[PDB]
Amino acid sequence: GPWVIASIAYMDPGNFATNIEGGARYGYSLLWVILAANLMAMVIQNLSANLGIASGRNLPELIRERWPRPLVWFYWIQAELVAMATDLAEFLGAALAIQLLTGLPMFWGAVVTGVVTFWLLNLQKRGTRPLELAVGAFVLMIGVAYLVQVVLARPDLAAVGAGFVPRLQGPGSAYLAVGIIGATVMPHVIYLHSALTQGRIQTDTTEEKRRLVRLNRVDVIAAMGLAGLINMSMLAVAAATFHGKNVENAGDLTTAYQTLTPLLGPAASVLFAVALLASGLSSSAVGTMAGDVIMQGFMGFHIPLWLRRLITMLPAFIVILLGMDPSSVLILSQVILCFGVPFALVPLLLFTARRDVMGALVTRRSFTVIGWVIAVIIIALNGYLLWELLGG
Ligand SMILES: CCCCCCCC/C=C/CCCCCCCC(=O)OC[C@H](O)CO
Ligand SMILES: CCCCCCCC/C=C\CCCCCCCC(=O)OC[C@H](O)CO
Ligand SMILES: CCCCCCCC/C=C\CCCCCCCC(=O)OC[C@H](O)CO
Ligand SMILES: CCCCCCCC/C=C\CCCCCCCC(=O)OC[C@H](O)CO
Ligand SMILES: CCCCCCCC/C=C\CCCCCCCC(=O)OC[C@H](O)CO
Ligand SMILES: CCCCCCCC/C=C\CCCCCCCC(=O)OC[C@H](O)CO
Ligand SMILES: CCCCCCCC/C=C\CCCCCCCC(=O)OC[C@H](O)CO
Ligand SMILES: CCCCCCCC/C=C\CCCCCCCC(=O)OC[C@H](O)CO
Ligand SMILES: [Cl-]
Ligand SMILES: [Mn+2]
Ligand SMILES: [Mn+2]
């Protein structure tokens, strides 16, 4: 199973930005958002995985083959904007880590990131599998560090428990809450996960399809459960480190290493930036591969990979030339990603409730309703954010 490197999206630089900023600025009051977004992601990623197993096709393929041509065109275009926002936080997050490790300007950090992403693009599994394992080592261990630091930091349990009750903290809190949902419920994974499980069967029977669904549901929840524990711990450690005090540039990724200083000591700066670098490079490489697959499913053709790697790279250089804050752009991209979630959910909820698509593996009616409740929740939360951002 070499497809495990796609699991870095739940630990991409977007999660680092939203977790650290959420704790530093709003303390523990956003823990419930991470728990909600992680539970929503378990349901959605199971439906996506069950769609590929039951139907044998990925979600963009089904839209292309079943829905009218103009609707398929609109769905491919909005899927490309999702890939732009997704790759932006991951590519810029890698460039930021280059600056944290070498002091190199953000422009040259992106130049280095570009050459590296172009090099990984045309590599086979022989030279990539050791890199995938090395990335998984840094990110897992930096996640274990937060799981250990969240206990050693002695957090205020009264504020931690209160943080699991849904509450907003002004206008900027809904903005960051929407960003936390997009950082966990990622639209590009909704399309991609259906493609990772398609064509993965051996005897093409119902009993075998039910077997792959059972194994997937246990594997998804086990990994998603660990990712949620890490994300909550990272926000809790960030809250216990910065919130309530007045630390300069609190929440920014250039100072986030201080969250692990009591545990790692003088090594907290390098190990954080190394984990952020491996996270950004692998997610940006997987994201480029995923966008090529999503376009092929929607349109029947695709642009060459070097051209896609080039187009998705321009906004990162534009943002750097604009002098914008990298951590603030990482959050904004996650916010934009959450506005693409309802578009991905509607065909997922419809297709997995169809017998001519799923066969005997039609989704249970209870989980179809929970999915539509999740979709309505995210549509309502995206609308309230757009309401305050436009005024009133
Ligand atoms: C991140 C969330 C994004 C939310 C906003 C979504 C993207 C907005 C722009 C859409 C392009 C216009 C959509 C229409 C697609 C082209 C016009 C069309 O209808 O297709 C042409 C023809 O009918 C088929 O062959
Ligand atoms: C087992 C390996 C252990 C390696 C542990 C160290 C890792 C250093 C990270 C990148 C190398 C580039 C660092 C050189 C860049 C010079 C600019 C700079 O980082 O300045 C900071 C300091 O004042 C002067 O290094
Ligand atoms: C394709 C691989 C990249 C090729 C590089 C391989 C190694 C050369 C390293 C440094 C020199 C790079 C050129 C440095 C010249 C910069 C002059 C300048 O004006 O800097 C402005 C800055 O680029 C904002 O526009
Ligand atoms: C403190 C709990 C409230 C925080 C709310 C955020 C959610 C965090 C989720 C799981 C905690 C991680 C626990 C992982 C256990 C590893 C830590 C540990 O074992 O602590 C050893 C230490 O030496 C003993 O003194
Ligand atoms: C089961 C999975 C294990 C994973 C580990 C998850 C860590 C969660 C630990 C603490 C969260 C909330 C505990 C706080 C209990 C309620 C808050 C409190 O301390 O009481 C204050 C009172 O409610 C106000 O007046
Ligand atoms: C803004 C819209 C995107 C801009 C449009 C592209 C801009 C040109 C960029 C690089 C040169 C093309 C990449 C060079 C690789 C050529 C690939 C190719 O055709 O292969 C021929 C030959 O084998 C090669 O070695
Ligand atoms: C077919 C045509 C393509 C369809 C296009 C659909 C529109 C793009 C959708 C979401 C992007 C939202 C981006 C919001 C930009 C906010 C920028 C910002 O807030 O930053 C301040 C500004 O950059 C000062 O530097
Ligand atoms: C706050 C809202 C979130 C609530 C969180 C509740 C926890 C549910 C999470 C995972 C269970 C599995 C989800 C759906 C798994 C597939 C269900 C199904 O019907 O699949 C049967 C068929 O065999 C295959 O196609
Ligand atoms: Cl708090
Ligand atoms: Mn993510
Ligand atoms: Mn900054």
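Per the deposition metadata, X-ray crystallography was the technique used to determine this entry, at a resolution of 2.3900 Å.

(A) Just the overall build of the protein, in detail. Looking only at helices and strands, the protein features 18 helices and zero strands. Against the globule reference of 21 Å for 392 residues, the protein gives a C-alpha radius of gyration of 20 Å, in line with a compact fold. Across its three principal axes, the protein shows a C-alpha extent of roughly 60 × 45 × 45 Å. In the protein, 84% of the contacts between residues at least 6 apart in sequence involve partners at least 24 apart.

(B) The arrangement of the coordination of the manganese ion (ligand 11) in detail. Protein ligation of the manganese ion (ligand 11) involves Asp252 (OD), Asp252 (OD) and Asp325 (OD), the donor distances falling in the range 2.1 to 2.5 Å. A residue pair is termed long-range when its members are at least 10 positions apart, and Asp252 in the loop between α10 (206–242) and α11 (261–264) and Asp325 in the loop between α14 (314–321) and α15 (326–338) qualify at 73 residues. Residue class for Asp325 comes out partly exposed when judged on its relative accessible area of 32%.

(C) Structural context of the coordination of the manganese ion (ligand 10). Of the protein atoms, only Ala9 (O), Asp12 (OD), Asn15 (OD1), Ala183 (O) and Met186 (SD) coordinate the manganese ion (ligand 10), at distances of 2.1 to 2.8 Å. In the primary structure, the donors to the manganese ion (ligand 10) are separated according to the pattern A-x2-D-x2-N-x167-A-x2-M. Here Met186 lies in the loop between α8 (171–184) and α9 (187–197) and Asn15 lies in helix α1 (residues 13–26), a separation of 171 residues in the sequence.

(D) Structural detail: the pattern of salt bridges. All told, the structure shown has seven salt bridges when counted by the stated rule. A salt bridge links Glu65 to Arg64, with the shortest nitrogen-to-oxygen separation between them at 3.0 Å. On the accessibility criterion, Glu65 (58% relative accessible area) is exposed. Where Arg308 meets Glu80, a salt bridge forms, and the shortest distance between an N and an O atom there is 2.9 Å. One end of the pair, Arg308, is in helix α13 (residues 305–311); the other, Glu80, is in helix α4 (residues 69–102), with 228 residues separating them in the sequence. The residues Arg308 and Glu80 share a single accessibility class, namely buried.

(E) Structural detail: the site of ligand 5. Inspection of the region around ligand 5 gives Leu157, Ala158, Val160, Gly161, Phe164 and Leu229 as its neighbouring residues. Protein burial of ligand 5: of its 680 Å² of free accessible surface, 26% is covered by the chains. Sort the elements by how many residues they give to the shell around ligand 5 and helix α7 (residues 157–163) lands first, with four residues. For the shell around ligand 5, the residue count by class is five nonpolar, one polar and no charged.

(F) Up close: the packing of α9 against helix α16 (residues 341–351). Put simply, α9 and α16 touch, their axes get as near as 8 Å, and they point 30° apart. In terms of their interaxial angle, α9 and α16 are classed as roughly parallel. Counted together, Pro187, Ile190 and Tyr191 of α9 and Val341, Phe343, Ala344 and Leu348 of α16 form the full contact between these two elements. Residues of the contact of α9 with α16, tallied by class, amount to seven nonpolar, no polar and no charged.

(G) Examining the side chain of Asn46 more closely. The topology assignment puts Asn46 in helix α2 (residues 31–55). A relative accessible area of 11% places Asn46 in the buried class. Not counting residues within four places of it along the chain, the set of residues in contact with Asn46 comprises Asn216, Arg217, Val220 and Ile221.

Criteria and thresholds
- Residues numbered from 1 in each chain as written, not as in the entry; some residues may be left out.
- Chains lettered and ligands numbered in written order.
- Heavy atoms only, no water.
- Residues with missing side-chain atoms left out of burial classes, pairs and counts.
- Helix = DSSP H or I, 4+ residues; strand = E, 2+ residues; numbered from the N terminus.
- Rg over C-alpha atoms; globule rule 2.2 N^0.38 Å.
- Contact = heavy atoms within 4.5 Å.
- Donors = N, O, S within 2.8 Å, 3.2 Å for Na, K, Ca; no water.
- Buried < 20%, exposed > 50% of the residue type's maximum accessible area, 1.4 Å probe, protein only.
- Salt bridge = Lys/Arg side-chain N within 4 Å of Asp/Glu carboxyl O.
- Near = heavy atom within 4 Å.
- Areas by Shrake-Rupley, 256 points an atom, 1.4 Å probe, with all protein chains shown as cover.
- Nonpolar A, V, L, I, M, F, W, Y, C, P; charged D, E, K, R; others polar.
- Axes fitted to C-alpha atoms, helices over the stretch in contact; angles between N-to-C directions.
- Parallel < 35°, antiparallel > 145°, perpendicular 65-115°, else oblique.

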